[PDB]
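Residue strings, one per chain:
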Amino acid sequence: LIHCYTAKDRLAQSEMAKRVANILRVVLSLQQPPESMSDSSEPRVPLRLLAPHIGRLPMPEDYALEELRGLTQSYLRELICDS
Amino acid sequence: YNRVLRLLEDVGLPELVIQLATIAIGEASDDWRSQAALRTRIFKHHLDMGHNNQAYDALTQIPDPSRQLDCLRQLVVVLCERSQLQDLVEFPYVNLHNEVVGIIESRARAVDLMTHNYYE
Amino acid sequence: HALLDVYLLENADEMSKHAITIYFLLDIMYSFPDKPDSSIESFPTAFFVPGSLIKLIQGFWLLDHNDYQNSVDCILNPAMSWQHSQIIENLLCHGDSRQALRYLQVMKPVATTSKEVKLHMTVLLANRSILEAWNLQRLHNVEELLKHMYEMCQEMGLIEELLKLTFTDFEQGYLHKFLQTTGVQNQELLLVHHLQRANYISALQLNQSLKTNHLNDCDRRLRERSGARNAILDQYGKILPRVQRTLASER
Amino acid sequence: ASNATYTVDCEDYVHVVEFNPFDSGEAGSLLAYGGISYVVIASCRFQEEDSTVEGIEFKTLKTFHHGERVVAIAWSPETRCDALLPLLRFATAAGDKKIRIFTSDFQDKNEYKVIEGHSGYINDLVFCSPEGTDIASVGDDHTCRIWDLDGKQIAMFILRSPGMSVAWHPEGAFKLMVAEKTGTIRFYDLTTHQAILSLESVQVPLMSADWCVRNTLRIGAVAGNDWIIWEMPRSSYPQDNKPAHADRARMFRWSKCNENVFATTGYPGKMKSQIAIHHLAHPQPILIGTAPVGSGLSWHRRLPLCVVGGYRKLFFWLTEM
């Protein structure tokens, strides 16, 4: 819901989304338990809330939607695995 | 079959090495390591022969991700050296588009100012 | 008497007559296990029958007797076209695809007919040798072999692994035709293929076609999948330049 | 290593290649090549024959399904492309130990006949009659066999070792040359069914022998690593013997236009099969080509041009005369 009413507002918004996303990626890296005991920690489980939050997430139509498209591709891969 | 494969490699008959290695994958049944080694061998001989599509197909079938990445590095290098840049563009790398950029960047900065086609 | 009268047939090979008689003597010997010194064993020596033909007929007799292991061991001993098809079809009917592959790899029968090529493709697919089956289809009829490959990959659930292969423009055009004709689930797979190939315009147009055809679909699971598909593509549609959005929204 | 002067792409691996040595009545030179399961008949026209051709005009005329790996191809003298009565006839040997005679009108009539009776692999075959009625074949069963077009065996010669090459004499009626793996070249009279003469090679195995069409007294061969030339009737001993290849020579063929020029090929080897073109006046090859893996060697009828089959390609070398 960020309401960056001005320029830099949006400037900074973008900056922060970017950095946060980077950090989150790195952190999840060793996150939900590396599955040494499973056939390499396959992410079979899919969270609907994360997908719903992404839809209501607000940012520029370029990079943010490109990231959303990548998430959608990951969801499609998960659906194929479930099939 | 691994013994006959060594013999056909020493005689220099890469087409027959591919045919025999394809048969030997059938006998390898549950041994994913032997299957990885045989598929890496098929990839190498198709690449050496210039069979770019069949080399790419063989690379996608490798069950070992470490060997698949090393074969992918070899494919990218050999196609760049052969100036077969169109095929390389057509080939659909998975999440490894940035591995290519990182490799070419590592070579580009590492290499001298005299440009070739890595930067291009 | 009716067995012995086979010897009076003109223009028949003598070895083929001895082959029927040997096959018959094996049925008699199998009916009487309790006497090892039967004068019946002298037949091949008395008529100079090659040890090579003896083992082949024993192999055929064991096959009809449901002893497939010893049958194949007799036939493969170092000492016809219709027989190749029937051995492979019999092994496939009983579910032993591994022995059918072993037979095909060792004997390498020449597939001359579209039926034999479809049979060999089915052996390779039943053993998960998709790349070999795919190459056999290209080598041999191209529309029939590609149709058989795609139908068998759909029946065996291998379509997701098939989509990872490198297609020629011709093979790709035929796959697009096949996946468009063969039900709604294959149009979702074609959508995934267009996304994997970076063909976003065709993926968006196909999803608009699917959005128009599903306005009456009750089913809860297909509705949740179509909702997710629509949400993903509506996110991709937002990222596209205004011109590409116009081209995607222009019917 | 010289690059090939011309290169033509093929569908699959080329196991054998043979130019039609006869006049077909067309402006183009007919070429046959054998793949894994097929035989292709093509027309070749070269810039050296027609100034309207840029490099090589290569046209596939017909493809025959064979079903087996072709090892040798022989053209029939009756082969004509004349519009009034076109007739394509050739024989093939394959890995199944059978000979196949193909006949075609270049239209819809495509017939083949299977000839059986060799118990070992056939290594070479030729048409052995001016009329194109008889086929000679040699193989690992230690026989040279003569067949009519009906597949009846007319004659059989028992060899002392595997027959490796067979050639009809270009001018003299009834004379068949047979090269044996142990180094013996025998001549047979097909009228008397007798051996007339033999030559012996200093090296073994003897792998290929050919007649010089321009000088019927000369025979060339490859044995071991060396090429060997005899001049008849002067001696049963070689006139010349020199190195052809560093590791095993495989094929020898005389140029059809020059009595001093011939080509040799190395064995399907790890160092990519070398073609060497030799001239008798020179101690070294005049041309050394590289083919990655190639089988078959044939000379064009008129041009100083040779062809070798390779991995999905035909390679052509023009020799400057």
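Residues numbered from 1 in each chain as written, not as in the entry; some residues may be left out. Chains lettered and ligands numbered in written order. Part of a larger assembly, values for the part shown. Heavy atoms only, no water. Residues with missing side-chain atoms left out of burial classes, pairs and counts.

Regarding how it was determined, this PDB entry cites cryo-EM in its header, along with a resolution of 5.60 Å.

A.B. asks: Kindly report on the packing of helix α3 (residues 32-48) of chain B against helix α4 (residues 52-60) of chain B, identifying the contributing residues and their values.
C.D. replies: Residues and elements named next belong to chain B. Following both chains from N to C, one finds α3 and α4 inclined at 165°, their axes separated by 8 Å at the closest point. By the angle class used here, α3 and α4 are roughly antiparallel. Crossing angle aside, the handedness with which α3 passes α4 is left-handed. Along its contact with α3, which presents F43, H46 and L47, the element α4 presents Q54, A55 and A58. (Axes fitted to C-alpha atoms, helices over the stretch in contact; angles between N-to-C directions. Helix = DSSP H or I, 4+ residues; strand = E, 2+ residues; numbered from the N terminus. Parallel < 35°, antiparallel > 145°, perpendicular 65-115°, else oblique. Left-handed = near helix turned anticlockwise from the far one by under 90°. Contact = heavy atoms within 4.5 Å.)

A.B. asks: Can you explain unusual backbone geometry? Please cite residues and give values.
C.D. replies: The step from D:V204 to D:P205 runs through a cis peptide bond, and the omega angle for that step is -5°. Counting through the fold element by element, D:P205 comes out in the loop between β17 (194-200) and β18 (206-211). Cis geometry is found at the peptide bond from D:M232 to D:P233, where omega equals -5°. Counting through the fold element by element, D:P233 comes out in the loop between β20 (226-231) and β21 (240-243). For C:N66, which is not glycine, the phi torsion reads 65° and is therefore positive. With respect to the helices and strands, C:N66 occurs in the loop between α3 (51-64) and α4 (68-75). One non-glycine residue, D:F106, adopts positive backbone phi at about 60°. Counting through the fold element by element, D:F106 comes out in the loop between β8 (99-104) and β9 (110-115).

A.B. asks: Would you mind going over the pairing of strand β10 (residues 122-127) of chain D in detail, with residue names and values included?
C.D. replies: Residue and element names in this part refer to chain D. Summarising the sheet, β10 and strand β11 (residues 134-139) pair through 5 bridges and their orientation is antiparallel. Each residue of the ladder has a partner; that of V126, found in β11, is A136. Turn length for the β10-β11 hairpin, with the two strands adjacent in sequence and antiparallel, is 6 residues, and the turn residue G132 shows positive phi of about 70°. (Pairing = 2+ DSSP bridges.)

A.B. asks: Account for the interface of chain C and chain A, with residues named and values stated.
C.D. replies: Facing 4 residues of chain C, the contacting portion of chain A comprises 6 residues. Counted by class, the side of chain C that touches chain A contains 2 nonpolar, 1 polar and 1 charged residues. (Nonpolar A, V, L, I, M, F, W, Y, C, P; charged D, E, K, R; others polar.)

A.B. asks: Explain the sheet that holds β20(D) residue by residue, including any values.
C.D. replies: All names here are of chain D. Overall, antiparallel pairing links the 4 strands, which are arranged β18-β19-β20-β21 in an open sheet. Edge strands, defined here as strands with exactly one partner in the open sheet, are β18 and β21. When strand polarity is set aside, the average angle formed by the axes of neighbouring strands in this sheet is 15°. Across 4 bridges, β20 lies against β21 in antiparallel orientation. When the bridges of β21 are listed, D226 appears paired with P243.

A.B. asks: Pulling in residues and values, what's your account of the sheet that holds β9(D)?
C.D. replies: As a general point, the strands of a sheet are linked pairwise by backbone hydrogen bonds and lie either parallel or antiparallel. Residues and elements named next belong to chain D. Strand order in the open sheet made by the 4 strands is β6-β7-β8-β9, with antiparallel pairing throughout. Strands at the two margins of the open sheet, each flanked by one partner only, are β6 (70-75) and β9. Neighbour to neighbour, the strand axes of the sheet diverge by 20° on average, direction disregarded. Note that strand β7 (residues 88-94) and β8 share 6 bridges and pair antiparallel. Pairing of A93 across the sheet is with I99, part of β8.

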